[PDB]
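Colleague: Just the first chains of my complex for now:
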Amino acid sequence: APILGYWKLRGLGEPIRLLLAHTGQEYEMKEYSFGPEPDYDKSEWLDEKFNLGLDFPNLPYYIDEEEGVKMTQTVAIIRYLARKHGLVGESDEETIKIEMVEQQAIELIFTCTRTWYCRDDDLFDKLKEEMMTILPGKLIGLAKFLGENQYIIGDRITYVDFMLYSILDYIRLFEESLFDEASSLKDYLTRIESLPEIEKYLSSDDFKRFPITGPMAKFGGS
């Protein structure tokens, strides 16, 4: 039965975990923990890193010996699973919209990570204020995109709803004020949370909202 490897944190793994949950697909979850203060070494990962026959050894990874699958890119992984459970577009019109939103989600992750991982206080704060001034536009764009739709593509839930859920949730837990002029999105997150297996997943003891990022990062650390 298939394996999903990633850190103890939510980070890039959550949206895959979310999709596995929704589709009720059985998986074993292999987690890696960091070292203690103030090292937090990745040695537990690095010991096994190059010895799993991964083309591009990285976290997360997904391994299905049973299906002869051994992958390592978060998007690649989620698109693979999306294909298997038909959580992809049924038309190129759909596909275009899905993939725009996909990339839109990733772009947020870039901006956020670039900031949450900067350690220089004088720099962290600088980027934080720069983020505050940029994201509102981003969130409005998504609000406009979604509009009266239930999910990103309308009525049907696609893998991008999982992607989007997490990055928006992370932003929510970071500065809700950014959602002040984009309420529609909060409703959307709730809509997702109300989903049966996502509600189970989120109400599990295994679920904790923190941490989002590594203990090394300023935000979402502990």
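Modeller: Thanks, I have it. Numbering: from 1, shown residues only, chains lettered A, B, ... in the order given.
Colleague: name the element residue A:142 belongs to?
Modeller: Residue A:142 belongs to helix A:121-146 when elements are defined using DSSP states H and E.
Colleague: What is that helix packed up against?
Modeller: On a contact count with 3 or more CB pairs under 8 Å, 6 or more residues apart in numbering; DSSP states H and E, helix A:121-146 meets helix A:92-116, helix A:159-172, helix A:183-193. C-betas here are computed from N, CA, C, even on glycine.
Colleague: distance between the last one and the chain's centre?
Modeller: This means helix A:183-193. Here the centre of mass of C-alpha atoms in helix A:183-193, compared against the chain's by CA atoms, centre = their mean, to the nearest Å, lies 16 Å away.
Colleague: And stretch A:141-160, by the same measure?
Modeller: Computed by CA atoms, centre = their mean, the separation of stretch A:141-160 from the middle of its chain amounts to 17 Å.
Colleague: most distant residue from the middle of chain A?
Modeller: Summary for chain A: using CA atoms, centre = their mean, the residue whose C-alpha lies farthest from the chain's mean C-alpha position is residue A:122, with a distance of 27.8 Å.
Colleague: distance of it from residue A:128?
Modeller: 11 Å (CB to CB, to the nearest Å).
Colleague: helix or strand for the residue lying closest to residue A:113 once chain neighbours are set aside, which one?
Modeller: Once flanking residues are discounted, residue A:113 sits nearest to residue A:213: 7.6 Å by CB to CB, 6 or more residues apart in numbering. Taking DSSP H and E as the criterion, residue A:213 maps to no regular element, lying outside all helices and strands.
Colleague: dump the residue contacts of residue A:213.
Modeller: The contact partners of residue A:213, by CB atoms under 8 Å, 6 or more residues apart in numbering, come to A:9, A:11, A:113, A:116, A:117, A:219, A:220, A:221.
Colleague: while you're at it, add chain B from this line:
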Amino acid sequence: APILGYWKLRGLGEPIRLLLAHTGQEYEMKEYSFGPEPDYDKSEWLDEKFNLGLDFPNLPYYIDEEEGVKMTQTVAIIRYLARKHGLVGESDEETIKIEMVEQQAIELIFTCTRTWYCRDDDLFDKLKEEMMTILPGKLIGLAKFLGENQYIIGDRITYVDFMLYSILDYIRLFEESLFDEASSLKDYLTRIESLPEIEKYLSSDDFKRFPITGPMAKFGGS
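Modeller: That brings us to chain B, laid onto the chains above:
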């Protein structure tokens, strides 16, 4: 005829331009320039930005009134075009490989940008040494991935070969020493370059190796 919008740099647009070239698809290219130093305003873009009915107005964009398409995300755009010209995987095995490489290409784009755009001299230098420590592994992974194959998948060119061409070229023009022990990849670039339409594109008077990045970037400005 369809329109491709982007800045007057290679940046994220080139791999799409490359693919359009190879497939001999007719397109009009709409280009945007920044303000002079030390300003670089985006006003030329911002004038037209919200007037094209783009869901996520951003550069690059692709518009084909003929087809009813108006997209804005680089990967989304290239995957759309890949689908139209069948430069995509024809098996899940193929697809999986393509999409891992795709993400691997983007991951380089990230690692390179955070460095080439960092104005802080001290920080720039730090990130540069960090790159020089990290990229070798990256390039070995790709070397191993490609092996004796002609193109990433085999004898068949996929859109990822274009993606990869550009980011590898950018890295080459940054530090050839990184490819000192990487003949396999150098051979790969040569192969892509020696495709007829790509040779035509690269030998055009419209083609200059620089600029790669924006004026504001430390590396690749013009």
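Colleague: Quick check: residues of chain A near chain B?
Modeller: The interface of chain A toward chain B, taken as CB under 8 Å from any CB of the partner chain, is made up of A:55-57, A:69, A:71-76, A:79-80, A:83, A:92, A:95-97, A:99-100, A:102-104, A:106, A:110, A:114, A:123, A:141, A:144-145.
Colleague: Now the buried members of those residues.
Modeller: Neighbour-count burial (16 or more other CB atoms under 10 Å in any protein chain shown) applied to those gives A:55-57, A:69, A:71-76, A:79-80, A:95-97, A:99-100, A:102-104, A:106, A:141, A:145.
Colleague: measure stretch A:141-161 end to end?
Modeller: Across stretch A:141-161, the terminal residues are separated by 15 Å (CA to CA, to the nearest Å).
Colleague: from the chain's centre, how far out does that stretch sit?
Modeller: Per CA atoms, centre = their mean, the displacement of stretch A:141-161 from the mean C-alpha position of its chain is 17 Å.
Colleague: Enumerate the positions of it that are buried.
Modeller: Of the residues in stretch A:141-161, those buried by neighbour count under the rule 16+ other CB under 10 Å are A:141-143, A:145-146, A:151-153, A:157-161.
Colleague: and the nearest residue to residue A:3 once chain neighbours are set aside, how many neighbours?
Modeller: Here the nearest residue to residue A:3 in space, its sequence neighbours aside, is residue A:63; by CB to CB, 6 or more residues apart in numbering or on different chains that works out to 4.4 Å. Counted by other CB atoms under 10 Å in any protein chain shown, the residues lying close to residue A:63 total 20.
Colleague: sorry, back to before: where's the residue farthest from the centre of chain A relative to chain B, distance?
Modeller: From residue A:122 across to chain B, the span is 10 Å (CB to the nearest CB, to the nearest Å).
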